[PDB]
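Protein chains in written order, with PDB author numbering: chain A, 485 to 581; chain B, 485 to 581; chain C, 534 to 630; chain D, 21 to 388; chain E, 243 to 339; chain F, 340 to 388. Beta carbons: idealized from backbone N, C-alpha and C, even for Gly. Shown next, in structure tokens, is the structure this report addresses.
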């Protein structure tokens, strides 16, 4: 609403629209996270240490038999460029001071 | 009201709308807080020290038998990003000076 | 004992003359803006108070800012912290000689 | 008798008796809420009756309004990485505080959905006027394991043993989480190393045995509810801290009841009965599902009544917090309240308050 | 507790002070078990709880109209009506309240 | 117990316990717009007809 009469009077409309879209976005994100956790669980055992080393080029890290899908040691979320930039800026600033 | 005639004349409308929403938000927040306190009380005894250690990776802190749901030593509230940012800024500033 | 269980400080005796204050307590509604004003006044006046002695007082103030900012452990540690001088008084003694 | 030491225990007659006298009150509110719901979805009496040959369109507005409030209400909870935030009250705290906060936040993040939960929470609140939430604990076990072994003691001591034992002690000191993951032999030799001199080496022997049931599930649970299967004391005014009884009807199966080890008399149920066809029964998700069944005698659907409240178990005229659960005509459970706080494990929140009443008002109750 | 305005009667001669009102009467609702639990009463055994049936004119005006027909028929949770009178009186003959 | 059974026509080809590390059904269901006590959601343009 108010497709141009004041700079502020158009900001509200886009704000409300984005806020409404956000819920659907979050539901889809939750679905993707669940898929990812299942994939991690399957990677835990079906895959071999030499195969993992071939990718990581680092010494194999052992696996905890209690949990295989994390739920105790991993936090899983969708990565985005703005969060990457925030992390880089924080690192640079806090190193420099 | 006043969907665009002056930058200030549109700020009042959104202000009043948000102020009205705030009461409902607070009621729902109170409900969530109550749920959380009940959950803490149940965690107090139904859960084992080895189980808590497996998560925290710190030495188990003993439990006070007087109260189990806090009410004497815990303040429970909804966390939000802006309060997190405020805490970080306060820490940084007050450390630096 | 009930009051101690909450405050974790030594019990303060009670005056039998009045029980509802009316002689020693001023009661008012707390609000965030007054809290911010108090914090700002404390910070400013600490940072520019002067060379006045009794640094214990400065420690008390700084601990109060900690407590208002909800880090009671840091508050207690600071307010009970005792500064200790180095071994440079040897220099003064030797130059006196 | 399930409680031989209770001088005056309730019988199934009194429980159903009190159940009847409260539906007479709750039915009014149920019909009111049904009328409200029949308008946001244009159904039943919300559908206008029009003559043949004229239009029958009907623009939704209550739904229109609710769509623009759901997200603005639900956002301030999910916008943050974790919901709760625990802070100490006095400096004696800040260890218990940190530990409890971390545990609770992890539980919400992983075990419970929290997403479906918040969505159903806000939606029911907006378009029904009240939210009921049931809080409980889940504890599944009995999955036995086998094949223990045996280690013989040995007084051989050397330098490598000292190094390994020192490292294991350091691990047990600073990373207690990883300590159980170290090998069993070296672990037990390590505690032997302080049981006596360093001579201990604990050579294996071998054995076999079948014990040590594992806890496959141990956690909290939070379900919202349906508002058609819950009946509360109507004399409470609006406190819910003074309500004297709450009754809930839900649906389960014989296998699930047996798996949840909290019941007796399970063999006198006659699962060839209910057929999920009774008046006050579990109001199913829809109408079509009423015709669905399993015909397996292990997954056949049943209807279970639960009664939480206060009663005069003895003759002393002092009320105690009790819970009673029954199916059909058989009492399955009678006990005192087992939760650490002797209260009803439910939480009721009213969207828009009303004068001295538990139930609220829906958002679109005035736009009809 | 807040109150209901239908169950409270005040001295009407006070003008508007409430510091000079001489009596206040409140009617509320309770049960035999609750009264016994609150250890502040006597003669509890001469109540005849098979009486009131919550059907009297000045009685507790219930939350709604439907709830007037609800009862417990247990003799321990049956609902009663209680009158309270706070005020000043000439207990002795001295003419001092 | 968690099991899986696979058949074609009238011949049973596979019967086994669940082989994945987490003994659950290897499916994920997401509802676009929620409905009261139902798995299936509602399409976006369900009200524009």
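Notebook entry, point to check: Is the shortest distance between the beta-carbon of residue 105 of chain D and the beta-carbons of chain A less than 8 Å?
Noted result: no
Note to self: By the 9 Å beta-carbon criterion, what residues does the segment 116–128 of chain D contribute toward chain B?
What the structure shows: 116, 117, 118, 119, 120, 121, 122, 123, 124, 125, 126, 127 and 128
Next item on the list: Evaluate residue 299 of chain F with the Cβ neighbour count: other Cβ atoms within 10 Å of its Cβ, from every protein chain shown; 16 or more gives buried, anything less gives exposed.
Entry: This structure gives no information on residue 299 of chain F, because the portion of chain F shown stretches from 340 to 388.
Margin query: Distance cutoff 8 Å, beta carbons only. Does residue 264 of chain D sit that close to anything in chain E?
Written below: yes
Checklist line | For residue 580 of chain C, the first and last residue of its enclosing alpha helix (DSSP H) | finding: 565–580
Notebook entry, point to check: With 16 other CB atoms within 10 Å as the buried threshold, where does residue 128 of chain D fall?
Noted result: buried
Checklist line | Status (buried if at least 16 other CB within 10 Å, exposed otherwise) for residue 119 of chain D | finding: buried
Notebook entry, point to check: Helix, strand or coil: how does DSSP classify residue 252 of chain D here?
Noted result: strand
Next item on the list: Report the residue ranges of all alpha helix (DSSP H) runs contained in full by the segment 246–296 of chain D; include only those spanning at least 4 residues, in chain order.
Entry: 274–279
Margin query: Give me, in chain order, the residues of the same chain whose beta-carbon lies closer than 6 Å to that of residue 418 of chain D; leave out the 5 immediate sequence neighbours on both sides.
Written below: In the structure as shown, chain D begins at 21 and stops at 388. Residue 418 of chain D is therefore absent and cannot be evaluated.
Item checked: Against chain B: residues of the segment 600–614 of chain C by CB proximity under 8 Å -> 602
Item checked: Cutoff 8 Å: residue 358 of chain F Cβ touching any chain D Cβ -> no
Check: Does the pairing of the segment 209–224 of chain D with the segment 164–184 of chain D give three or more beta-carbon distances under 8 Å?
Finding: yes
Notebook entry, point to check: Got a sec: is the Cβ-Cβ distance from residue 96 of chain D to anything in chain C below 8 Å?
Noted result: no
Check: Whole beta strand (DSSP E) runs in the segment 326–382 of chain D with 3 or more residues, listed along the chain?
Finding: 340–347, 350–356 and 366–370
Item checked: Sheet register partners of residue 39 of chain D (DSSP bridge) -> BP columns for residue 39 of chain D are empty, so no partner.
Next item on the list: Could you name the residues that DSSP lists as bridge partners for residue 160 of chain D?
Entry: D/237
Next item on the list: Please state whether DSSP places residue 545 of chain C in a helix, a strand or coil.
Entry: coil
Margin query: Cβ closer than 8 Å: which chain B residues qualify as neighbours of residue 547 of chain C?
Written below: In chain order: nothing, as chain B lies at least about 21 Å away.
Next item on the list: Establish whether the CB of residue 594 of chain C and some CB of chain B are separated by less than 8 Å.
Entry: no
Next item on the list: Compare the C-beta of residue 561 of chain B against all C-beta atoms of chain C and say whether one is closer than 8 Å.
Entry: no
Margin query: Please classify residue 383 of chain F as buried or exposed, where buried requires at least 16 other C-beta atoms within 10 Å of its C-beta.
Written below: exposed
Notebook entry, point to check: Near residue 497 of chain B, which residues of its chain fall below 7 Å by C-beta distance, leaving aside the five closest residues on each side in sequence?
Noted result: 485 and 486
Notebook entry, point to check: How about residue 66 of chain D and residue 275 of chain E: are their beta carbons less than 8 Å apart?
Noted result: no
Margin query: For a test of the three-state rule: what should DSSP assign to residue 141 of chain D, helix, strand or coil?
Written below: helix
Notebook entry, point to check: Can you tell which of F/368, F/387, F/372 and F/341 has its C-alpha closest to the C-alpha of residue 302 of chain F?
Noted result: Not covered by the structure: residue 302 of chain F. The range shown for chain F is 340 to 388.
Next item on the list: Closer than 9 Å by beta-carbon distance: list the chain D residues that pair up with residue 573 of chain C, in chain order.
Entry: Under the 9 Å cutoff, chain D gives no residues; its nearest Cβ is about 22 Å from residue 573 of chain C.
Check: With C-beta atoms as the reference, is residue 563 of chain B less than 8 Å away from residue 100 of chain D?
Finding: yes
Notebook entry, point to check: Can you round the beta-carbon distance between residue 148 of chain D and residue 247 of chain D to whole angstroms, since I take them to be within the 8 Å contact cut?
Noted result: 6 Å
Check: What are the residues of the segment 298–328 of chain E that lie near chain D, defined by any Cβ-Cβ distance shorter than 9 Å?
Finding: 304, 305, 306, 308, 309, 311, 312, 313, 314, 315, 316, 317, 318, 319 and 321
Check: By how many angstroms is the C-alpha of residue 278 of chain D removed from the C-alpha of residue 330 of chain D?
Finding: 27 Å
Notebook entry, point to check: Quick one, which of E/250, E/268, E/322 and E/272 has its alpha-carbon nearest residue 298 of chain E's?
Noted result: E/322
Notebook entry, point to check: How is the beta strand (DSSP E) around residue 561 of chain B delimited, first residue to last?
Noted result: 558–562
Next item on the list: Determine, using beta carbons only, whether residue 24 of chain D comes closer than 8 Å to chain F.
Entry: no
Check: What are the boundary residues of the beta strand (DSSP E) that includes residue 584 of chain C?
Finding: Where residue 584 of chain C is concerned, there is no enclosing beta strand (DSSP E), given that its DSSP letter is neither H nor E.
Item checked: Spatial distance of residue 511 of chain A from residue 310 of chain E (CA atoms) -> 46 Å
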